[PDB]
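A.B. asks: below is the sequence, then the experimental coordinates.
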Amino acid sequence: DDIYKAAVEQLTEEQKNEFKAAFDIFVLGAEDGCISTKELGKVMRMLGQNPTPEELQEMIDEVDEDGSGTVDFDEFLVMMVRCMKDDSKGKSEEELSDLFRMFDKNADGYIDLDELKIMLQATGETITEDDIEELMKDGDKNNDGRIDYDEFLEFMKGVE
Amino acid sequence: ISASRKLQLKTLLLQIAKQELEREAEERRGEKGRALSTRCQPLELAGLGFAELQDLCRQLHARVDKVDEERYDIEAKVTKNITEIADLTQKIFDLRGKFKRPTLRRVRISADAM
Amino acid sequence: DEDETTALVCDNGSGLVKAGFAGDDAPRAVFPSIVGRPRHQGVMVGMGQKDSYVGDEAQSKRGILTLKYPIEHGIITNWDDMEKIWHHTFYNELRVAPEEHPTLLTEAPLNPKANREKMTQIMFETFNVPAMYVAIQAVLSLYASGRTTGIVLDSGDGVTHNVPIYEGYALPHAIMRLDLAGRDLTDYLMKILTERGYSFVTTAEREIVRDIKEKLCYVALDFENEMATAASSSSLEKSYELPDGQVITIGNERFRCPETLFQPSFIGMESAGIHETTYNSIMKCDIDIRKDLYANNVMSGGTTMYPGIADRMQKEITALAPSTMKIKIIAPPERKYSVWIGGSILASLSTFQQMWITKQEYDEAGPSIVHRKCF
Amino acid sequence: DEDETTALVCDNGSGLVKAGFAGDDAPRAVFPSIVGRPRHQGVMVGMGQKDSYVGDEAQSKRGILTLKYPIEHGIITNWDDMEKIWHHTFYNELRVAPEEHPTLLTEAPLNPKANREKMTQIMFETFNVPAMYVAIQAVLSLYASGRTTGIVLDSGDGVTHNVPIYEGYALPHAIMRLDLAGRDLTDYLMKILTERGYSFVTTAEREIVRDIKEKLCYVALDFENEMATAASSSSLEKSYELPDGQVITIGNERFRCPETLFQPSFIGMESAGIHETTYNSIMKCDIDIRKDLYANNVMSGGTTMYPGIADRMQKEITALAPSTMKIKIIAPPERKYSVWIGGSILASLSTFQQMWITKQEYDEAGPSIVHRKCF
Amino acid sequence: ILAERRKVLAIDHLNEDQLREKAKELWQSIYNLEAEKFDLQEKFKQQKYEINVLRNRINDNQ
């Protein structure tokens, strides 16, 4: 899914530099993409995180959505961010709040399905009912039908 | 509809909000230039006499007084906004912390190795 | 082992001491409140041996030791033995000590005040702790449990405290302290197992019956129906392995021991049980408090690991409670460890950093300072 | 924030405070006239907790608070508490800062000076209101009720006013300050419910009885036959659910409480009651006035919501009144909220825009100005 | 502090040059202070919005 290239955007570059520096090691001799999934535990143990075999096996299943035991740099960066939210910096909560006043053109203190809709129309991106409600519930943590401001932060922190 | 769908939809949404806030700051700038021009009315300094310019200097004296006055007004208004922001924000600090902060830590790790 | 001067936390009862450092969610190790001493005359030389054994050493070499517990009903009666246990706890096994770390202790609200005074003196003068705080066990259970309100049954080894807390405040007039705890439940069990032909008298035997209780016993939601079958059929019996390869087969004794919690008369105590006791801590609070305490019966400490306790307690309180009202029970996996865990939470909370007695205030005031600074 | 610099209106009684902006048809919010304070020692840390709670906070957190009323039978005696209630009202529910809006407050003119002087001072000095106006409760009630002539019976929580007005004029010699109110009715009910086996002596209990009174009580036009049956049969008892799930049933006591307004001896008061007091206010007015007041008895304030009260009052006055004449009661739905509604109406009248004290006249004169500018 | 904030213009005893200078100086002063005024007003609207925000989330956290 799109969170792959999202992370490729979301991730910072000083990260991916040492990401490749450590990525250089997996080759057990003469490899060109034959990476295995039993080594997923070890490679998640390498890059600086502290993983546990439970999540190791889950990501063995949760990742390898291609099933080939392989992971793209896109998939690499996403399964970085989809667990460790090394996303596009989540610019702030308060720069976010000034963005949120423009979300609530109606000065709501909450992004409602209406404000969600109008703001995504201001993107030009059309309103499918899932879209806004996918955004609503992903932001409307209280499930009040609308995304209040901290709902918006936890919503759009780690977000460009 | 993984983190992909909602996260990047709200990425486009945060980006339209970014453009919206850039446009809001541009409203600040442009309507500020307009407030410059209008609130501070220009001077007809060309071709006038002595007492007229005397009264004009008294007028701009009183006008810097009034513009300083209104400016301190709006400043202290933002200041009391800041005060109540400290207040309500500390309220939300405590409330949300109670929801997460005593649950916010990472322990019990080496149980798998020791 | 550690790279920061984090507070240390110790939960010291008549059973074991749970200990570790603040900003963990479990003790690093458990240290039985035991000092062992040989009850036999040595014959061989060049055998190593200790003058006295502590904690796990005391249990590992117990075959010829008499094992004593320095704490009775929450009170240290022998603090010289606790200093040896603590020295081991801190310097040999946890690899941390008050000398380089502030220390939090866990206590009951009505624990005799002299007991805190002595523990305060020891950590400041024997272990040189830079700072101290003695916390309420109920508070610690509520932090660990994610609550600010509830009745906390702290089920200690020698005493159960039973204190209602509402909106973070004590409601002391409704404390229903009961002289019934895990160690008394063990006494009932050994007496009924004695009736079956398996007396438990000496130290090795005392440790075995405690172990039988912890692994085989339960309360069940309905005692009388559980007994109608357990007293009639071998299908309810379980054989426990004794250290020498022999076994003990236990029937309804498996639940009669735990039942003393609901029936204290089993050990000669004049009490209606923990559900009545919990009920009164709720019922003696104002009616605008009662609804929140009925919704928050908090089980903590030990003995809460007995199967059926959550159901037995909720049903008995519901029966005692007014109708319409919803009675709820909290019985998290952080059981038996939740007091220690709360100590970790409290010691590390930013809101608690100014609540510590420093080793300045301590020497100016002396050990009695704990009575003014902690509670 | 509004579409006009409309006055804000706050009707602060000894019971509850009704508030909103002038020009509306209702207060935006109602608060108890209460400031609550914890009566317990905190045990947990990082629990927030205020020194005092106000209004609805005071009631919601009441389980451990003592609840005090800053207003004593119409007089503010604690203005620090009213300032906090007002700040909450203006900034948290109305969401309007008084600095940009005139404020209208209300009192009986019978009030012994301090209330109007301090109400004026709080709004000018702690809220910096640009203007103030302390209004007459009888005036406000008659505007809300659609009258210029009649007697305002405002039998609310504090004091009964019973002031007659003719063609918009006060007839002050006929105004009888009466120490019989809704607060006394609550105290009576607490005592008679105690006789039934349900003691009510604490703050939480006082609030419960007030809630019972408001939902279960009535006065009855014929209390004698009503008690002959209600005191004899359970079929006339109404069940009330207490906060903890317990149930209290109330029989003749249901009306016995409201009856105090007609039988003040029930609370030790030397009075003829509200029907005779109203009658005497009519009687004390000139003979060509009396007929217009008999035909226009107007209900306002609280307790005027009891079933049978409009009929009880009209019949008692009719019994005291002369023949030929028709005695009538006006009892609008704007009951209890009528003083606030009148405030909205009065604040907004063009003929009342010269009645406002500006925040200039106030500072030149000081708070004693209220005696020259308001009434 | 406002009489300090305003500038006491030399008004009476000057020639045309320095008097026009005083005039245009304080005029541009008023000008830039209207700029700062409107900036403060925009900040003030943003902070009021974030205040309503704060109360909203309070209710969400209360």
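C.D. replies: Ah, there it is. Numbering: from 1, shown residues only, chains lettered A, B, ... in the order given.
A.B. asks: got a list of what residue A:59 touches?
C.D. replies: By C-beta atoms under 8 Å, 6 or more residues apart in numbering or on different chains, residue A:59 lies in contact with A:40, A:44, A:79, A:83. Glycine gets a C-beta too; all of them are placed from N, C-alpha and C.
A.B. asks: buried residues, the strand or helix carrying the second one. List them.
C.D. replies: Think residue A:44. Using DSSP states H and E, residue A:44 maps to helix A:40-46. Neighbour-count burial for helix A:40-46, counted by 16 or more other C-beta atoms under 10 Å in any protein chain shown, picks out A:40, A:41, A:43, A:44.
A.B. asks: now swap in stretch C:257-273 and tell me
C.D. replies: Buried residues in stretch C:257-273 (16+ other C-beta under 10 Å): C:257, C:258, C:259, C:260, C:261, C:262, C:263, C:264, C:266, C:271, C:272, C:273.
A.B. asks: before we move on, back to that, ok, which pair from the buried residues of helix A:40-46 is furthest apart?
C.D. replies: The distance between the two most remote of the buried residues of helix A:40-46 (C-beta to C-beta) is 7.5 Å, for A:41 and A:43.
A.B. asks: with only the CA atoms kept, save the helix or strand encompassing residue C:254 in PDB.
C.D. replies: Assignment of secondary structure by DSSP H and E places residue C:254 within helix C:253-256. Extracted in PDB, the C-alpha atoms of helix C:253-256 (Å, rounded to 0.1, in the frame of the first residue of the first chain):
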ATOM      1  CA  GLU C 253      -9.200 -28.700  51.500                       C
ATOM      2  CA  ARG C 254      -8.100 -27.200  48.300                       C
ATOM      3  CA  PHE C 255     -10.800 -24.600  48.600                       C
ATOM      4  CA  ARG C 256     -11.500 -24.700  52.400                       C
END
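A.B. asks: quick check: what element follows that helix along the chain?
C.D. replies: Going down the chain from helix C:253-256, the next helix or strand is helix C:274-283, by DSSP H and E.
A.B. asks: packing partners for whichever helix or strand comes after that following helix?
C.D. replies: Beyond helix C:274-283 in the direction of the C-terminus, DSSP H and E gives the next helix or strand as helix C:287-294. In this structure, helix C:287-294 makes packing contacts with strand C:163-166, helix C:274-283, helix D:203-216, judged by 3 or more C-beta pairs under 8 Å, 6 or more residues apart in numbering or on different chains; DSSP states H and E.
A.B. asks: tally of neighbours for the closest residue to residue A:45 other than its chain neighbours?
C.D. replies: Leaving aside its sequence neighbours, residue A:45 sits nearest to residue A:51 (C-beta to C-beta, 6 or more residues apart in numbering or on different chains; 6.0 Å). The number of residues packed near residue A:51 is 18, by other C-beta atoms under 10 Å in any protein chain shown.
A.B. asks: OK, contacts around residue A:51?
C.D. replies: Listed by C-beta under 8 Å, 6+ apart, the contact partners of residue A:51 are A:41, A:44, A:45.
A.B. asks: how many residues are close by residue C:333?
C.D. replies: Using other C-beta under 10 Å: residue C:333 sits among 8 other residues.
A.B. asks: where's it, which helix or strand?
C.D. replies: Per DSSP H and E, there is no helix or strand for residue C:333.
A.B. asks: residue contacts, it?
C.D. replies: Applying C-beta under 8 Å, 6+ apart to residue C:333 gives no contacts.
A.B. asks: distance of it relative to residue D:343?
C.D. replies: Using C-beta to C-beta, to the nearest Å, residue C:333 is found at 58 Å from residue D:343.
A.B. asks: so residue C:66 sits in a strand?
C.D. replies: Yes - judged by DSSP: H, G, I helix; E, B strand; the rest coil, residue C:66 forms part of a strand.
A.B. asks: ok, what's across the strand from it?
C.D. replies: Assessed by DSSP bridges, residue C:66 has beta-bridge partners residue C:37.
A.B. asks: pretty sure it is touching residue C:34, no?
C.D. replies: No - counting by C-beta atoms under 8 Å, residue C:66 stays clear of residue C:34, with 10.4 Å between them.
A.B. asks: what about those two, which has more around it?
C.D. replies: Between residue C:66 and residue C:34, counting by other C-beta under 10 Å, residue C:34 is the more crowded of the two (25 against 16).
A.B. asks: in contact with the more buried one, which residues?
C.D. replies: Taking C-beta under 8 Å, 6+ apart as the criterion, residue C:34 is in contact with C:54, C:55, C:58, C:59, C:67, C:68, C:69, C:85.
A.B. asks: quick one, phi psi at it?
C.D. replies: Dihedral pair for residue C:34: phi -130, psi 130, per degrees, to the nearest 10.
A.B. asks: most tightly surrounded among the helices and strands packed on helix C:287-294?
C.D. replies: Here the criterion is mean neighbour count by mean count of other C-beta atoms under 10 Å in any protein chain shown, and of the helices and strands packed on helix C:287-294 the winner is strand C:163-166, at a mean of 28.
A.B. asks: once you drop chain neighbours, what's closest to the residue of the stretch 201-350 of chain C found nearest chain E?
C.D. replies: Nearest residue of the stretch 201-350 of chain C to chain E (C-beta to the nearest C-beta) works out as residue C:292 at 16.1 Å. With C-beta to C-beta, 6+ apart as the criterion, residue C:292 has its nearest non-adjacent residue at 5.0 Å, and that residue is residue C:149.
A.B. asks: contacting residues around the one you found?
C.D. replies: Residue C:149 touches C:142, C:165, C:166, C:167, C:168, C:292, C:293, C:296, counting by C-beta under 8 Å, 6+ apart.
A.B. asks: again, only using 10 Å
C.D. replies: C:142, C:164-169, C:289, C:292-293, C:295-296, C:298, D:44, D:63 (C-beta atoms under 10 Å, 6 or more residues apart in numbering or on different chains).
A.B. asks: go on, residue B:6?
C.D. replies: Contacts of residue B:6 by C-beta under 10 Å, 6+ apart are A:3, A:130-131, A:133-139, A:155, A:159, B:13.
A.B. asks: nearest to residue D:200, of the contacts of residue A:51?
C.D. replies: residue A:44 (64.6 Å).
A.B. asks: is that closest one in contact with residue A:83, as I believe?
C.D. replies: Yes - assessed by C-beta atoms under 10 Å, residue A:44 is found in contact with residue A:83 at 9.4 Å.
A.B. asks: identify the contacts common to the two.
C.D. replies: Common neighbours of residue A:44 and residue A:83 (criterion: C-beta under 10 Å, 6+ apart): A:51, A:55, A:59, A:63.
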